[PDB]
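Reviewing the structure listed below.
Read-outs throughout are calculated quantities, based only on the coordinates presented, and are distinct from any laboratory measurement. Note: ideal-geometry Cβ built from the backbone for every residue, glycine included; neighbour counts use all protein chains shown.
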Amino acid sequence: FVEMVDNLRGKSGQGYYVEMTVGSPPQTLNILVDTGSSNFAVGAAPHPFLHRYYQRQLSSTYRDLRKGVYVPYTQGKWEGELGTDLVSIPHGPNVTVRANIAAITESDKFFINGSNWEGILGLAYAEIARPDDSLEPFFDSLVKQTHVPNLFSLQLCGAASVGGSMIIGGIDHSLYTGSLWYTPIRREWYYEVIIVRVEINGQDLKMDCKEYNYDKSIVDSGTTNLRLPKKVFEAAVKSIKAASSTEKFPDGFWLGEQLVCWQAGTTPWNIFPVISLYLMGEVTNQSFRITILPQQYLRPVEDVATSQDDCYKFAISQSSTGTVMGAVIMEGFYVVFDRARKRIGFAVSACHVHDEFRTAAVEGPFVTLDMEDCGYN
Ligand SMILES: Nc1ncccc1NCc1cccc(-c2ccc3cc[nH]c3c2)c1
């Protein structure tokens, strides 16, 4: 799958995108890769932030579905017109499929001024598709119409410009070290998993594990942060804060309201502890654990126009909707979305940022009892 290695690009904090073509003749677009949504939606009018947009009028193969979509979210939205057309991935499998496309005709706070992408590829399942679950997501159409195996894998690197690989239809062993360990996909809507234990340097919050997954935990390449429920977030930073004394810095920093700054290269990684999540394993009472470094959750902030220093944002935050294993998590690992077997694979990424000290790890088996009690119902 060397064809596909390095087929993702991005800017720090602006997500990862892949090149796609739509219509006949093919229109090239850059498309955000999003495992936390299930719509394929592309800019189709000259919004000023956009380099490119889908021009349905230039496509023999376009077909109007004569139905609209309206996708609200916090302080923004997009809406568009549904049709279908022929879609392909130049640096992906050598196939063309007819997929649903939401032609985005209006949006607020969706596209990013200065970004190099023009749409979004929702890689999650039908259940959370808009307007409803009869709108077949792209990957379901791909698997259904070709001989591409029902899985994909992501290696998100990054360290302005980020980069990565999306392997469609398989796994590439050059992208990771050691062994893949798999957690079950609890239900096919989001890529929902179950966290059964969290340790913040070697010490668990010793809280009810039902709290780590209230009301969801998910794997989501379209979120930057590790995002933890309040109740867990509280305990979480309470522990990282106390871990990171002999260090010294504010109160709003931890609430992601104010960035922290050191002088070029003076960042003390090591007063911050590693963070380990234990995921339900494939076998009864068996777990495994993934361990991320401060460099994963302390991410460089790009355009600090009022500074020329070494400034980071704390990449953890609270949620009403559950745990979100965003890019902070994913960038330390090769992640296999093994849809065929309803499970997600984690291995140490061949491209993650380590040092000669500590390193992102994937380790098991551990013995963990009553893991199924950690799921919220
Ligand atoms: N992945 C995801 N998680 C939670 C809510 C929505 C969601 N995806 C749909 C969505 C909606 C609005 C904005 C974005 C989005 C815009 C820009 C960027 C840059 C990096 N990631 C994003 C996500 C995604």
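Which Rg and Dmax, in Å, describe the Cα atoms of segment 87-166?
Reported Rg and Dmax, both Å: 14.6, 39.
Tell me, what HN-Hα J-couplings in whole Hz come from the Karplus equation 6.51 cos²θ - 1.76 cosθ + 1.60 at θ = phi - 60° for each residue of segment 164-169, using x for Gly and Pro?
Each residue's phi maps through the Karplus curve to give x, 9, 10, 9, 8, x Hz.
With N residues in segment 149-377, what two-decimal value do you get for its Cα radius of gyration over 2.2 N^0.38 Å?
Numbers: Rg = 17.1 Å, N = 229, 2.2 N^0.38 = 17.3 Å.
The reported ratio for this selection is 0.99.
Against the empirical 2.2 N^0.38 Å scaling, what ratio does the C-alpha Rg of segment 299-377 come to? Write down the numbers at each step before the final one.
On the way: Rg = 17.1 Å, N = 79, 2.2 N^0.38 = 11.6 Å.
That ratio works out to 1.48.
Would you mind putting 70-81, 99-110 in packing order, based on average other-beta-carbon counts within 10 Å, highest first?
On the way: 70-81: 14.5, 99-110: 20.2.
Result, highest mean Cβ count within 10 Å first: 99-110, 70-81.
Arranged from highest to lowest average of other beta-carbon atoms within 10 Å per residue, in what order do the peptides 323-333, 205-215 appear?
Going by the mean number of other Cβ atoms within 10 Å, highest first, we get 323-333, 205-215.
Mind checking Rg over Rh on segment 9-95, alpha carbons, Kirkwood formula for Rh? Intermediate values should be presented prior to the final figure.
On the way: Rg = 13.6 Å, Rh = 14.3 Å.
Rounded to two decimals, Rg over Rh is 0.95.
For segment 224-240, in order, what is each residue's ³J(HN,Hα) by Karplus, 6.51 cos²θ - 1.76 cosθ + 1.60 with θ = phi - 60°, in whole Hz (x at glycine and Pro)?
Using θ = phi - 60°, the values come out as 6, 7, 7, 10, 10, x, 3, 4, 6, 3, 3, 3, 3, 4, 3, 5, 5 Hz.
Per q in 0.15, 0.27, 0.34 Å⁻¹, report the Debye log10 I(q)/I(0) for segment 220-264, using one uniform scatterer on each alpha carbon and no solvent.
After summing over all Cα pairs, the log10 values are -0.48, -1.14, -1.23.
Given the Cα atoms of segment 1-54, and with Rh set as the inverse mean 1/r over their pairs in the Kirkwood sense, what is Rg to Rh to two decimals?
0.97
Once amide H atoms are placed 1.01 Å from N in the peptide plane, what residues at a sequence separation of 5 or more from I316, or on another chain, have their amide H within under 5 Å of its amide H?
The list, which skips near neighbours in sequence, is empty: none.
Each label point is 7 Å from the Cα along the Cα-to-Cβ direction; what then is the distance between the points at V283 and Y70, in nm?
According to this spin-label approximation, the distance is 5.3 nm.
When all alpha-carbon pairs of segment 181-279 are counted, what percent fall beyond 23 Å? If you can, show how the numbers build up before the last one.
Values: 1665 of 4851 pairs.
Value for segment 181-279 (Cα pairs over 23 Å): 34 percent.
When the Cα centres of segment 115-180 and segment 40-96 are compared, how far apart do they sit, in Å?
Their Cα centres are 17 Å away from one another.
Rounded to whole Hz and in sequence order, give me ³J(HN,Hα) for segment 12-24 from the Karplus expression 6.51 cos²θ - 1.76 cosθ + 1.60, θ = phi - 60°, writing x for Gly and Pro.
Once rounded to whole Hz, the list reads 3, x, 9, x, 10, 10, 10, 7, 10, 10, 10, x, 10.
Provide, as a two-decimal number, the C-alpha radius of gyration of segment 34-163 over 2.2 N^0.38 Å, N being how many residues it has. Don't jump to the answer; show the numbers that get you there.
Working: Rg = 14.8 Å, N = 130, 2.2 N^0.38 = 14.0 Å.
Dividing the Cα radius of gyration by 2.2 N^0.38 Å gives 1.06.
Under a point-charge model restricted to the Cβ atoms of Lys and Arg (+1) and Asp and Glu (-1), what is the dipole moment magnitude of segment 1-149 relative to its Cα centre, in debye to the nearest 20? List each step's numbers first, then the result.
On the way: 12 positive and 16 negative charges, 50 e Å.
I would put it at about 240 debye.
Give the peptides 238-250, 41-53 in descending order of average Cβ contacts within 10 Å, highest first.
Working: 238-250: 13.0, 41-53: 17.8.
Highest to lowest by the protection proxy: 41-53, 238-250.
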